[PDB]
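Below, in structure tokens: the form deposited in one PDB entry, a single chain.
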């Protein structure tokens, strides 16, 4: 149980162990007291088609700012959170040894993300597997047309759950309940996800 608290998963850019990073950039700054990401990672992850995975958000024309801020935020959580131990699973992949499964995302964060992305476009309902990477950057593969976000993600759950192969599930608990993981939080009273990781480590046991 306690073994699941305050760890970093074994993945491409993660630090070995959580620790302070006073210089976390922009949207990742709320993790600055305790983070699995380096300052340099936090900086690079804000960029379009960044060097972290050469991943292009603007694969079906430009993704709108109100939408892209959520993908940036989600990447801060993925690369920086020391509070997702309870959901870590082993995986066979060339670029990471572990990933997350069924992280209980607060329903409002999923809802807000889905809504803010309605005016954006994509060509796939799962962005973890199946891209054409032959150019060095992800491109829509054979059979995959550009459509409205809603076409590929007809509900908030389809976005948050389908996007990274069920790395999230949409919790029925709300932001602030201490019973779901917040993607978006300010740090004034601490990182609220610590208490959540603590609760589920024991509750899932």
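For the two forms, the rigid core is made up of the largest set of C-alpha atoms that agree within 1.5 Å on superposition. Numbering follows the first chain given and starts at 1.
Another form exists, deposited in another entry; not displayed. Remarks below refer to it.
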{"item": "Identity of the moved residue from 144, 67, 157, 52, C-alpha shift 2 angstroms or more, core fit between this form and the one not shown", "value": "52"}
{"item": "Large Cα shift (2 Å or above) at residue 93 between this form and the one not shown, core-fitted", "value": "yes"}
{"item": "Cα-Cα trend for residue 49 and residue 126, given that in the other entry the distance shifts by 3 Å or more", "value": "farther"}
